[PDB]
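An overview of the molecular structure
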Amino acid sequence: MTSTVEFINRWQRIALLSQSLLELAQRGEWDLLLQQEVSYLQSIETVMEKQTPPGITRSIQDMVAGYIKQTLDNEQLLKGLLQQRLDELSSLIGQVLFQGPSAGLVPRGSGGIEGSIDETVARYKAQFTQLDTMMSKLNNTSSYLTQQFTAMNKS
């Protein structure tokens, strides 16, 4: 049973990853969080593009029910935590990034503005976009994950 075994291993990844990158999110380890991001979201994507096989026994269903439950909790805690972070970063970008006003000239050289402004913008914009694409995908995932959870657990 190939479909069934790869199902097991990847849901195992999803729950272990969400838990550990949550430890990293509350620690403020953004570097480590984003290293886990790609593997985590991609694991959720590849199980749902593969689609849950009908050949899942009661033992395997109970395992992955636990795995989805873990990843829902952790990813909901990511949702709230990263909403705080992105809001702060966005408010910083709203000051440091001169999109026209607050400036004598229009700094049109995006990704190469003359001055240390380019550096502080590049930092906040990178951290924002990374945790933001993480958020949009993790909110989409936790959506179809909890729907699949309620069905897979109690059809």
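- Structure determination for the deposited model, as stated in its record, used solution NMR.

Things to note about the side chain of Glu 37
- Turning to its location among the elements, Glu 37 is positioned in helix α2 (residues 30-50).
- Buried charged residue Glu 37 carries no salt bridge. Nearest counter-charge: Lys 137, at 6.5 Å.

Points about the environment of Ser 91
- Summarising the element assignment, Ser 91 is placed in helix α3 (residues 58-96).
- Here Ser 91 falls in the partly exposed class, since its relative accessible area comes to 48%.
- Considered as a pair, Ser 91 and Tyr 124 are 33 residues apart in the sequence and their alpha carbons are 9.7 Å apart.

A closer look at the packing of α3 against helix α4 (residues 117-153)
- Remark: α3 packs on α4, axes separated minimally by 7 Å, with the N-to-C direction vectors making an angle of 150°. With respect to each other, α3 and α4 are oriented roughly antiparallel. Judged by the sense of rotation from one axis to the other, the crossing of α3 with α4 is left-handed.
- For the contact of α3 with α4, the per-class residue count stands at 22 nonpolar, 11 polar and six charged.

Definitions and limits used
- Residues numbered from 1 in each chain as written, not as in the entry; some residues may be left out.
- Heavy atoms only, no water.
- Helix = DSSP H or I, 4+ residues; strand = E, 2+ residues; numbered from the N terminus.
- Buried < 20%, exposed > 50% of the residue type's maximum accessible area, 1.4 Å probe, protein only.
- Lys, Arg positive; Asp, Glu negative; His and termini not counted.
- Salt bridge = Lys/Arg side-chain N within 4 Å of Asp/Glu carboxyl O.
- Axes fitted to C-alpha atoms, helices over the stretch in contact; angles between N-to-C directions.
- Parallel < 35°, antiparallel > 145°, perpendicular 65-115°, else oblique.
- Left-handed = near helix turned anticlockwise from the far one by under 90°.
- Nonpolar A, V, L, I, M, F, W, Y, C, P; charged D, E, K, R; others polar.

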